[PDB]
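**Student:** sequence and experimental coordinates follow.
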Amino acid sequence: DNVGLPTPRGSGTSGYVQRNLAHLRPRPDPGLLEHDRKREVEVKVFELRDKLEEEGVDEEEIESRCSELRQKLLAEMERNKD
Amino acid sequence: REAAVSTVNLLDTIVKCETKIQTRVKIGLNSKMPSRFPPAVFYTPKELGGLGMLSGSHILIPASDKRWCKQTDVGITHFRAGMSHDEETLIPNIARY
Amino acid sequence: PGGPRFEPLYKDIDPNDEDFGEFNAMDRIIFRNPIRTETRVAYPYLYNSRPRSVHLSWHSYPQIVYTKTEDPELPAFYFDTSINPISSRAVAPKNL
Amino acid sequence: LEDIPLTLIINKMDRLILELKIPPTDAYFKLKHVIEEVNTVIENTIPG
Amino acid sequence: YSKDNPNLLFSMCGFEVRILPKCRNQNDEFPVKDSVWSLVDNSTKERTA
Amino acid sequence: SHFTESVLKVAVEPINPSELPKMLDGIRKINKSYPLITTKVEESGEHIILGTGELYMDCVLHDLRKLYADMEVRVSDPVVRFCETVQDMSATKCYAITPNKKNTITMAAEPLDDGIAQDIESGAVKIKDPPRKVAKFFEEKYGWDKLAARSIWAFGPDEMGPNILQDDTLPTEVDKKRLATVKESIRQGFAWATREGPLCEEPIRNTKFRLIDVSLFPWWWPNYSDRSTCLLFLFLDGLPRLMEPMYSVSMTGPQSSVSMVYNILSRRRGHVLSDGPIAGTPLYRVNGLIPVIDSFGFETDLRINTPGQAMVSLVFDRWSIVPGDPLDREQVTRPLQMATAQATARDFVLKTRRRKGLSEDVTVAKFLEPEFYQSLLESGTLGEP
Amino acid sequence: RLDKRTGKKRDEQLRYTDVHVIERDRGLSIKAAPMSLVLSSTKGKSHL
């Protein structure tokens, strides 16, 4: 509201400033599903690997079981894709 | 005309020049007292003895300069225009005419 | 608001003389609720580009919680009704 | 959080006598309230 | 007046004139006062500026 | 490790251009005397000073004008830092192609859940830690996938930033040794992309990235631009939003001051979280939130327009999503005017974007391969150019 | 030398570690302020 007349001394105005109160104020990808199924199969494989590691089983048998589980999960996904 | 009413610098110049003309009139009387020279001194038409000045400014006429008394056979009666009206009439703008 | 007015200390800066400069470009500013002149006075070095001969003022004081007693025969030390109470569940050490 | 040892200084005690003008029991309750507020914030920083 | 300067400026016989057409106007509301001139196209009799 | 952030931004320049050296020297002294200040030189050439509040920047500009530089410094209107985020899942798996057209990078963007970003910023999750500890933390707190938890590659823009780059590919389709050799530069491009960001090159927060199969990585890549270009387009098609800092308003003061706090906070896009009495005093405490860009002059207005005397404390609290859509082209704002409720984000993005020296449009085609851009135009996933 | 002080100036707080001109004019501290003092305990042992 700093508008007009730095001093009223020069003019014969006495510059009382007003607000001008008559102024108008403003008025799905199937690839994502395939990736989710692959992630679920990988999560199942990781859970099986963690269960094998918790039981103290050998690494080769755990790897073979994980490969068999991954193949079974892929076959199940291919069978139940429809 | 309408180009003149829309120029702020021109309106400021008109206000200052009208003030300078009235200041010349006041200096001719060795005074600059604002109460000594009401708007009736300048803007009364020449027929009533006034100066007959026209205004392009916006000048208030106070309610203090709105009273007149008359001595009739029953005594003194003070008449007043604008009974209980807190607004003041303004000097007309020439651009409106 | 309510204060005096003086002549301009520096009669130099005026936006009409300055042409279309890059720093104060009109639509590079992200206008919000408008800054008032009291905010310009309170923080003169942040809100003015040429704050020459400005004086930094006292920022704040601690709030005075003293209230003068209306009743003429109350003691000097009393729990006033305008003072919010302290409850037993307000203190409440939550873990001990 | 930075595991810096902390001590408490309750300041401006004269206010309890001269500004609030509350009786000494209520001044105790105000002090205990401020102390338990500090301890509440300390506990809320590290729970348990 | 060009692709990206929509105002026409001149001065004549005392009057400083800025012509703005009613085609390249960003102002959807018109603050038309007595000073502002509606320039009428005769072939359509339509206020175009 | 400071416990608040400098989210108030002021652009400065010299008034006399020939004294542009001296102010810079003074700016250096500012950076030596104020620990939480950050100084920057933009691409546009204006100088940027970032501090915490009105009083902080008032003191800093006093020290710059009167103590160190000893000149007259033109100072712009105060503005805020901005960040960006994404709202929902990725519409398309997006890929980057090298100029030799061998390496192809396929990636998706995700909004991170609430609690991860503040945990990375607080140091609860360390990238220097062994990945088993990080995986255990994510499993025990947010219940992620174990392969996903072990496949979290990096944090960005730095090792403390709230952006996560993570593998989600399969070993059956992508070999791992070439994956690592490209993954080094992938982390570098991730760091530079999340440091810049696509919208206004404001550093971007709270995003997760999943690597995707079919992405093939042949021999050698010394460049960084293509993966980050695709990654910015992944910000574009994940419905990005703008984010602004948020002060926490704290008042002590009487009841009329409380009512005035509701009034002014209602007028300044602010909320009142709580209100109550301070026990044992005639004072009342009001806690709330305000945007930093809407808090300019808030303390002065609240201290003046009140019968009693109100004290105000404004502390940086939050990063919050700006209301509105940043990519909505039809939302326009008049000059001299404040943006409306839904055009706020668009106005912020446009003016922050060309304050920093860019084009007026968020260039989709400049951040895409031509074949992928034409394919997405034909598929309808992108708007009309 | 504080008792050789007249007017409103003798009612001012000393504020020894506020030395910035901003600190003097704003009436608040803006900078950290170190001192090293010799203070005595209850038993009489001076510590630094």
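**Tutor:** That came through, no problem. Numbers count the residues shown, from 1 in each chain, chains lettered A, B, ... in the order given.
**Student:** stretch C:24-33 close to chain F?
**Tutor:** Yes. Applying CB under 8 Å from any CB of the partner chain, one finds stretch C:24-33 in contact with chain F at C:24, C:26, C:27, C:28, C:29, C:30, C:31, C:32, C:33. From N, CA and C alone the C-beta is placed, and that goes for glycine too.
**Student:** filter the residues you listed to the buried ones?
**Tutor:** Taking 16 or more other CB atoms under 10 Å in any protein chain shown as the criterion, what is buried in the residues of stretch C:24-33 next to chain F is C:28, C:30, C:31, C:32, C:33.
**Student:** any idea which element the second one lies in?
**Tutor:** What that stands for is residue C:30. In the assignment (DSSP states H and E), residue C:30 maps to no helix and no strand.
**Student:** can you pull out the strands in chain G?
**Tutor:** Assigned by DSSP state E, chain G shows strands spanning G:39-40, G:46-47.
**Student:** who are the packing partners of the last one?
**Tutor:** So the one you mean is strand G:46-47. strand G:39-40 (3 or more CB pairs under 8 Å, 6 or more residues apart in numbering or on different chains; DSSP states H and E).
**Student:** likewise the first one?
**Tutor:** Here strand G:39-40 touches strand G:46-47, going by 3+ CB pairs under 8 Å, 6+ apart.
**Student:** and the strand it packs on, which strands flank it?
**Tutor:** strand G:39-40 (antiparallel) (DSSP bridges).
**Student:** contacts for the strand it pairs with, please.
**Tutor:** By CB atoms under 8 Å, 6 or more residues apart in numbering or on different chains, the residues outside strand G:39-40 that reach it are G:46, G:47.
**Student:** can you give the distance from that strand to the centre of its chain?
**Tutor:** For strand G:39-40, the separation from the chain centroid amounts to 17 Å (computed by CA atoms, centre = their mean, to the nearest Å).
**Student:** for stretch F:335-343, same thing?
**Tutor:** That offset, for stretch F:335-343, works out to 21 Å (CA atoms, centre = their mean).
**Student:** with stretch F:81-99 instead?
**Tutor:** Remark: stretch F:81-99 is offset 15 Å from the chain centroid, using CA atoms, centre = their mean.
**Student:** quick one: buried residues of it?
**Tutor:** By neighbour count with 16+ other CB under 10 Å, stretch F:81-99 contains the buried residues F:81-86, F:90-98.
**Student:** chain G: which of those is nearest?
**Tutor:** Taking CB to the nearest CB as the measure, chain G lies nearest residue F:81 of those, at 22.4 Å.
**Student:** the residue nearest to that closest one when sequence neighbours are not counted: neighbour count?
**Tutor:** The shortest distance from residue F:81 to any non-neighbouring residue, by CB to CB, 6 or more residues apart in numbering or on different chains, is to residue F:7 (5.0 Å). When counting by other CB atoms under 10 Å in any protein chain shown, one arrives at 21 neighbours for residue F:7.
**Student:** coming back round to it: turn the strands of chain G into CSV, including mean neighbour count and distance to residue B:34.
**Tutor:** Shown next, in CSV, are the strands of chain G (neighbours: other CB atoms under 10 Å in any protein chain shown; distance: least, CB to CB, whole Å):
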stretch, mean neighbour count, distance to residue B:34
strand G:39-40, 8, 71
strand G:46-47, 8, 77
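**Student:** ok so, going back, what's the most distant pair in the buried ones among the residues of stretch C:24-33 next to chain F?
**Tutor:** Spanning the widest gap among these are C:28 and C:33, at 18.5 Å by CB to CB.
**Student:** in three-state terms, label the residue of chain C found nearest chain A for me.
**Tutor:** Residue nearest to chain A within chain C (CB to the nearest CB): residue C:8, separated by 4.8 Å. Applying DSSP: H, G, I helix; E, B strand; the rest coil to residue C:8 yields a three-state assignment of coil.
**Student:** tell me which element residue F:44 is part of?
**Tutor:** Residue F:44 belongs to no helix or strand, assigned by DSSP H and E.
**Student:** in contact with the residue of chain C closest to chain A, which residues?
**Tutor:** A:6, A:7 are the contacts of residue C:8 under CB under 8 Å, 6+ apart.
**Student:** just give me the neighbour total for residue B:39.
**Tutor:** 19.
**Student:** nearest residue to the middle of chain E?
**Tutor:** residue E:20 (2.8 Å; CA atoms, centre = their mean).
**Student:** skipping adjacent residues, who's closest to that one in space?
**Tutor:** Nearest to residue E:20 is residue E:7, by CB to CB, 6+ apart, at 5.8 Å.
**Student:** ok, now which ones touch residue F:113?
**Tutor:** residue F:142 are the contacts of residue F:113 under CB under 8 Å, 6+ apart.
**Student:** residue F:22 contacts residue F:73, correct?
**Tutor:** No. At 9.9 Å, residue F:22 does not count as touching residue F:73 under the criterion of CB atoms under 8 Å.
**Student:** neighbour count: these two, which is higher?
**Tutor:** Neighbour comparison, residue F:22 and residue F:73: the larger count goes to residue F:73, with 22 against 16 (by other CB under 10 Å).
**Student:** okay, and the beta partners of the more buried one?
**Tutor:** Counting by DSSP bridges, the residues bridging with residue F:73 are residue F:14.
**Student:** output the contacting helices and strands for the helix ranked longest in chain A.
**Tutor:** Taking DSSP state H as the criterion, chain A has its longest helix at helix A:30-54. Identification of packing neighbours for helix A:30-54 by 3+ CB pairs under 8 Å, 6+ apart yields helix A:59-79, helix F:146-150.
**Student:** tell me how far that helix lies from the chain's centre.
**Tutor:** Centre-to-centre, helix A:30-54 and its host chain are 21 Å apart (CA atoms, centre = their mean).
**Student:** pull out the buried positions in it.
**Tutor:** Of the residues in helix A:30-54, A:32, A:35, A:37, A:38, A:39, A:41, A:42, A:45, A:46, A:48, A:49, A:52 count as buried by neighbour count, 16+ other CB under 10 Å.
**Student:** and for that helix, what are the contacting residues?
**Tutor:** The contact list for helix A:30-54 (CB under 8 Å, 6+ apart) reads A:61-62, A:65-66, A:69-70, A:73-74, A:77, F:89, F:93, F:145-148, F:168, F:170, F:212-213.
**Student:** drop anything exposed from these.
**Tutor:** Among the contacts of helix A:30-54, those classed as buried by neighbour count (16+ other CB under 10 Å) are A:62, A:65-66, A:69-70, A:73, F:93, F:145-148, F:168, F:170, F:212-213.
**Student:** measure the residue of chain A positioned farthest from its centre to chain D for me?
**Tutor:** Within chain A, the residue lying farthest from the chain centre (CA atoms, centre = their mean) is residue A:12, at 66.2 Å. Separation of residue A:12 from chain D (CB to the nearest CB, to the nearest Å): 54 Å.
**Student:** skipping adjacent residues, who's closest to that residue in space?
**Tutor:** Spatially, and ignoring its direct neighbours in sequence, residue A:12 is nearest to residue B:19 (3.2 Å; CB to CB, 6+ apart).
**Student:** get me the contact residues on chain C for chain F.
**Tutor:** Selection of chain C residues close to chain F by CB under 8 Å from any CB yields C:23-24, C:26-33, C:35-36, C:38-39, C:42-52, C:56, C:59-60, C:63, C:65, C:67, C:80, C:82-87, C:90.
**Student:** narrow those to those that are buried.
**Tutor:** Buried among those (16+ other CB under 10 Å): C:28, C:30-33, C:35-36, C:39, C:42-47, C:49, C:51, C:56, C:63, C:65, C:83-84, C:86, C:90.
**Student:** so which of these are in helices?
**Tutor:** Applying DSSP H to these, the entries found in helices are C:39, C:42, C:44, C:45, C:46, C:47, C:90.
**Student:** my read is that the last one contacts residue F:279, right?
**Tutor:** Yes. Taking contact to mean CB under 8 Å, the distance of 5.1 Å between residue C:90 and residue F:279 places them in contact.
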